[PDB]
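Chemist: Enclosed are the sequence and the experimentally obtained structure.
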Amino acid sequence: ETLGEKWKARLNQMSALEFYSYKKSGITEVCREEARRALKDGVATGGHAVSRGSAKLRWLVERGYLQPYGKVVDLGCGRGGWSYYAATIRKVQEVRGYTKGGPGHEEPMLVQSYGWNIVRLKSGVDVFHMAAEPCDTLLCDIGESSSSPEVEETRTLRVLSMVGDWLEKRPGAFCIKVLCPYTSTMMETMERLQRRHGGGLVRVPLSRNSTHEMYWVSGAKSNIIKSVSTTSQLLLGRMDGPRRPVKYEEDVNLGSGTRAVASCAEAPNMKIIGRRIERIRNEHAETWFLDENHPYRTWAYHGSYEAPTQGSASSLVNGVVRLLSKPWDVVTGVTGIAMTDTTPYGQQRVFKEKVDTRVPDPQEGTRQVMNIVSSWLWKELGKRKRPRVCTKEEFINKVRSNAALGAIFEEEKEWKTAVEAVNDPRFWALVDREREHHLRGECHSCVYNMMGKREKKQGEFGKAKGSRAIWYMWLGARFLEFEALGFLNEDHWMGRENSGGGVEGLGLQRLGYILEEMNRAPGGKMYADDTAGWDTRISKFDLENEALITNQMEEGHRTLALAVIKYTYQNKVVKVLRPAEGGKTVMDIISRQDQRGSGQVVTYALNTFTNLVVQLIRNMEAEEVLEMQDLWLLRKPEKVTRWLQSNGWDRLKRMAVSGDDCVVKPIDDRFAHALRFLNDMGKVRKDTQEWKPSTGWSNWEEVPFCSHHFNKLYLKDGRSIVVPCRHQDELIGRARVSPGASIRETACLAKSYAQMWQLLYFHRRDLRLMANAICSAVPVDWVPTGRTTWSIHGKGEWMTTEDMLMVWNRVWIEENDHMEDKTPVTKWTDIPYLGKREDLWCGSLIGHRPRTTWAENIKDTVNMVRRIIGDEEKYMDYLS
Ligand SMILES: Nc1ncnc2c1ncn2[C@@H]1O[C@H](CSCC[C@H](N)C(=O)O)[C@@H](O)[C@H]1O
Ligand SMILES: [Zn+2]
Ligand SMILES: [Zn+2]
């Protein structure tokens with residue numbers, strides 16, 4: 001037995017009074033009182049560290065034991081105080097932390113300390129099953145104390161086995177937690193590892209006397225046994241004599257704000273945007289300034305001005321759906337879904353990692369192939385359709401109740417609602433004036449608005465997730481878009497009849513028929529690889545190839561669409577909100593040149609187009625029509641125009657494309673590894689290694705498309721329908737949330753979900769029962785409200801006070817083109833369910849005792865909810 005085992009053995013023989021008195025005896029501490037008071041109260045600014053760990057690392061760094069720089073990795077991230085500290089050192093550029101989290105472990109915390117923009121914390125990571133990655137600074141703080149020294153030993157040997165792979169990559173600075181450095185085996189192991197990787201062992205005064213932990217740092221050259229046994233001398237010494245007091249030091253203040261970053265700001269053609277930048281600047285001249293610490297990598301920066309906050313992070317629960325869905329109060333999948341954080345911080349922290357990218361320009365051969373396929377496709381789409389300008393009256397008849405103004409300049413902010421503006425002559429005077437500027441070769445007000453999109457998604461770090469970015473221009477500039485390129489949407493250019501592979505206009509009830517069609521054609525498996533962040537992978541050359549419609553128009557229409565495209569789509573000026581220092585928020589004016597905004601009038605069209613192009617090109621690489629040399633320079637383009645002229649349409653009919661989503665049935669499975677052109681075009685797949693072959697489905701029913709799969713069910717009378725399905729937890733979870741706004745206002749928002757379930761997901765036993773329960777518990781004469789899906793394929797047939805079997809017969813029998821027999825179904829009892837196995841697989845709960853009890857007492861619970869909503873309204877019994 002060594003000195004360490006002496007310390008641990010004497011420690012184990014202690015009692016409550018002994019251990020409590022000994023724990024903090026003579027150690028050093030930081031006043032973490034105001035830190036936890038503010039962290040519990042809320043404030044994300046003010047510079048408060050998220051844990052005591054931040055105090056350890058700093059004490060090391062300021063002593064020279066560690067010199068952080070470059071990319072930091074924080075294994076065993078925890079709350080992440082080590083990451084948030086590292087984000088402050090000047091020579092640090094990027095920080096990425098990983099931790100287990102979940103049940104029992106602390107989850108990463110979200111704070112706005114100086115440099116939070118260079119920190120990416122990921123929870124749910126088990127770093128013992130992680131693959132090592134190169135890094136310039138490696139940090140580890142993993143060691144769970146044990147009463148037994150054997151357990152502490154084997155645990156620390158597990159840790160030191162893990163970290164080795166990371167240390168082979170030769171990191172410049174490192175700081176590992178050694179829980180048990182005192183046993184003989186551990187001293188030998190640390191001796192050989194000290195020989196191989198160097199560094200030393202340091203005892204931090206801030207560690208409590210109840211643990212022998214030491215930190216393996218780079219900037220130490222001490223002897224292993226000398227350091228370990230000297231620390232054992234210190235702790236054993238402290239076990240004897242009177243208890244000595246603690247030395248208190250003020251905790252570290254990490255400031256607040258964001259770091260400046262190395263920029264790849266592509267020169268922004270100041271001739272195009274200078275006038276708009278000047279207009280914004282002069283409009284807010286009193287508080288215009290250049291933030292020296294803006295966090296924009298792949299965007300240009302022009303200035304900021306002080307502006308109030310907007311957006312919300314709150315998520316309210318719909319008590320009616322909750323009360324009527326008890327068995328899912330324990331299911332993690334549905335109880336974790338909530339609204340996203342659309343505040344400046346909540347959007348920004350998704351922006352910095354998902355929107356502030358720059359995709360490298362593809363090789364020239366790929367540029368040529370893209371131009372050929374785009375020209376051919378455009379030509380094919382205009383075979384029996386003609387471009388045309390859309391009109392003020394079409395636009396007026398298209399502006400609905402929920403259409404946002406978007407006023408940016410003083411002129412544009414004169415109306416409350418959109419319909420109030422369109423019926424005003426001064427609005428169209430703004431339109432005319434700006435279009436005159438367009439016809440003079442200028443642009444003075446087509447400026448984008450960016451913010452976060454309130455969505456119902458699963459949370460991250462046990463809190464509400466961040467918000468996906470959405471941007472759109474004000475009403476007048478949107479009108480100019482509609483004028484120019486609106487014909488794409490109005491005349492259904494991308495419809496299945498014209499685009500061949502498109503599915504524009506169709507609803508959620510029809511796509512499954514399309515997929516069943518696609519399966520009948522001979523070929524390989526079906527591939528529905530989604531692209532990761534489409535709107536950020538639309539390159540300058542994709543915009544080029546999409547502008548090739550202007551060579552299909554008359555001269556005036558061409559010049560109009562080439563004022564929109566060039567002055568807006570090819571040069572984007574965006575206004576965003578960002579949290580500044582001291583808790584205030586600010587407006588940033590930025591500008592880039594190579595992405596597709598979410599709210600461009602023709603976004604679904606152009607996206608579906610470019611996606612068709614991409615899938616065609618991939619079909620070419622798969623059928624060996626292209627070769628690995630073709631990326632650099634294309635040899636014999638005629639090898640392409642012949643492939644397109646020969647089999648192009650016969651390939652488009654093998655696709656179902658809806659924007660970024662798509663399904664492709666190729667001629668064989670070579671499509672699985674046709675990755676060179678796909679990757680070179682920036683359309684990197686989702687949820688895979690870049691060069692791993694693609695995986696597909698031999699069962700057309702299991703294929704994902706537009707967030708659903710589709711199943712063919714047979715009615716009682718022999719007929720058949722093809723219905724959309726998804727995992728039930730997303731449906732109930734999405735149903736249990738409310739976007740901020742009486743009980744009536746909620747109960748209606750519940751009836752909408754219940755009727756949508758009665759219309760689309762009637763084949764999910766639980767959702768049908770719960771639909772009858774909600775509708776039985778909600779007053780009959782109450783009109784539904786709210787939104788139940790963001791899908792462009794969710795048409796809203798359920799948002800009515802009309803009987804539901806009527807609309808079911810209408811959309812599944814009467815107006816069903818794939819249903820030839822029109823004999824309507826007379827009772828809900830004749831409409832089938834999914835198979836019990838297929839129902840279970842997608843998240844059914846049938847056969848489980850809890851939900852059988854729920855279904856038995858469902859009527860009594862309905863009467864309960866009738867008590868809660870109101871007892872003098874009229875109700876109906878749909879459960880029968
Ligand atoms: N197997 C594992 N894989 C990843 N993380 C783990 C893990 N086992 C434990 N952890 C987590 O690693 C964390 C280390 S605590 C260190 C936290 C950080 N240094 C700070 O300043 O707050 C613990 O919270 C623990 O929950
Ligand atoms: Zn303009
Ligand atoms: Zn299913």
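Modeler: Good, I have the coordinates. Numbering: from 1, shown residues only. Ligands and ions are numbered 1, 2, ... in the order given.

Chemist: in the stretch 1-150 of the chain, which spans are helices?
Modeler: For the stretch 1-150 of the chain, applying DSSP state H, counting those that start in this stretch gives helices covering 3-12, 16-23, 33-41, 53-61, 81-86, 149-168.

Chemist: Mind putting these into CSV with mean neighbour count and distance to ligand 2?
Modeler: Every C-beta, even on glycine, is put in place using the N, C-alpha and C of the backbone. What follows is the helices of the stretch 1-150 of the chain, written out as CSV (neighbours: other Cβ atoms under 10 Å; distance: least, Cβ to the ion, whole Å):
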stretch, mean neighbour count, distance to ligand 2
helix 3-12, 17, 74
helix 16-23, 12, 68
helix 33-41, 13, 46
helix 53-61, 22, 49
helix 81-86, 30, 43
helix 149-168, 17, 52
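
Chemist: can you redo those as a markdown table with distance to ligand 3?
Modeler: Listed next are these as a markdown table, based on distance: least, Cβ to the ion, whole Å:
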| stretch | distance to ligand 3 |
| --- | --- |
| helix 3-12 | 56 |
| helix 16-23 | 56 |
| helix 33-41 | 43 |
| helix 53-61 | 45 |
| helix 81-86 | 40 |
| helix 149-168 | 39 |
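
Chemist: quick one, which of the ones you listed is nearest to residue 462?
Modeler: Taking Cβ to Cβ, helix 33-41 is the member of these nearest to residue 462, at 14.5 Å.

Chemist: residue nearest the centroid of this protein?
Modeler: Nearest to the mean C-alpha position of the chain, by Cα atoms, centre = their mean, lies residue 468 at 6.0 Å.

Chemist: need the contact list for that one.
Modeler: Listed by Cβ atoms under 8 Å, 6 or more residues apart in numbering, the contact partners of residue 468 are 340, 350, 354, 452-453, 455.

Chemist: Which members of the residues you listed come out as buried by neighbour count?
Modeler: 340, 350, 452, 455 (16 or more other Cβ atoms under 10 Å).

Chemist: near ligand 2, which residues of this protein show up?
Modeler: 434, 443, 446 (Cβ under 5 Å from the ion).

Chemist: Tell me if I'm right that the second one and residue 435 touch.
Modeler: No. Distance between residue 443 and residue 435: 10.2 Å, which falls outside the contact criterion (Cβ atoms under 8 Å).

Chemist: Of those two, give the one with the bigger neighbour count.
Modeler: Taking other Cβ atoms under 10 Å, residue 443 and residue 435 do not tie; residue 443 has more neighbours (23 against 20).

Chemist: so what's that one closest to, chain neighbours aside?
Modeler: residue 567 (3.9 Å; Cβ to Cβ, 6 or more residues apart in numbering).

Chemist: count of neighbours near the one you found?
Modeler: For residue 567, the count of nearby residues is 23 (other Cβ under 10 Å).

Chemist: Might one say that it is in contact with residue 440?
Modeler: No. Using Cβ under 8 Å, residue 567 makes no contact with residue 440, being 11.1 Å away.

Chemist: and the residue of the stretch 351-500 of the chain found nearest ligand 3, what does it touch?
Modeler: Closest to ligand 3 within the stretch 351-500 of the chain is residue 458: 19.1 Å, counting by Cβ to the ion. By Cβ under 8 Å, 6+ apart, the residues touching residue 458 are 333, 336-337, 465, 733.

Chemist: for residue 84, same thing?
Modeler: 49-50, 54, 111, 113, 115-116, 119, 254.

Chemist: Please repeat the previous calculation with a cut-off of 6 Å.
Modeler: Shown in contact with residue 84 (Cβ atoms under 6 Å, 6 or more residues apart in numbering): residue 113.

Chemist: Please report how far it lies from ligand 1.
Modeler: Counting by Cβ to the nearest ligand atom, to the nearest Å, the gap from residue 84 to ligand 1 is 8 Å.

Chemist: try residue 880
Modeler: Counting by Cβ to the nearest ligand atom - residue 880 and ligand 1 are separated by 52 Å.

Chemist: Neighbours of that residue, how many?
Modeler: Neighbourhood size, residue 880 [other Cβ under 10 Å]: 7.

Chemist: which phi and psi does residue 738 have?
Modeler: Backbone torsions for residue 738, taken as degrees, to the nearest 10, come to phi -130, psi 140.

Chemist: What residues are bridge-paired with it?
Modeler: Beta bridges link residue 738 to residue 316, judged by DSSP bridges.

Chemist: hang on, the earlier thing: I'd guessed the residue nearest to residue 443 sits against residue 441; true?
Modeler: No. Residue 567 lies out of contact with residue 441 (Cβ atoms under 6 Å); the separation is 8.7 Å.

Chemist: neighbours around the residue of the stretch 651-800 of the chain found nearest ligand 1, how many?
Modeler: Per Cβ to the nearest ligand atom, residue 687 is where the stretch 651-800 of the chain lies closest to ligand 1, at 21.5 Å. As a burial measure, residue 687 scores 8 neighbours (other Cβ under 10 Å).

Chemist: tell me the secondary structure for it?
Modeler: On the three-state scheme (DSSP: H, G, I helix; E, B strand; the rest coil), residue 687 is labelled coil.

Chemist: re the thing from before, can you name the residues bridging to the residue of the stretch 351-500 of the chain closest to ligand 3?
Modeler: Counting by DSSP bridges, residue 458 forms beta bridges with residue 337.

Chemist: Give me the distance between it and residue 356.
Modeler: Taking Cβ to Cβ, to the nearest Å as the measure, residue 458 falls 23 Å from residue 356.

Chemist: which two of the contacts of residue 468 lie the greatest distance from each other?
Modeler: Top of the distance list for the contacts of residue 468 (Cβ to Cβ): 354 and 455, 13.8 Å.

Chemist: in the stretch 601-750 of the chain, which spans are helices?
Modeler: 603-622, 638-652, 676-680, 728-735, 744-760.

Chemist: near ligand 1, which residues of this protein show up?
Modeler: For the chain, the residues in contact with ligand 1 (Cβ under 6 Å from any ligand atom) are 51, 53-54, 76, 78-79, 81-82, 99-100, 105-106, 125-128, 141-142.

Chemist: still on that earlier bit, any idea how far the residue of the stretch 651-800 of the chain closest to ligand 1 is from residue 820?
Modeler: Distance, residue 687 to residue 820, using Cβ to Cβ: 40 Å.

Chemist: One more: residue 203?
Modeler: 82 Å.

Chemist: The two - which one has more neighbours?
Modeler: Each of residue 203 and residue 820 has its neighbours counted (other Cβ under 10 Å); residue 203 has more, 18 against 7.
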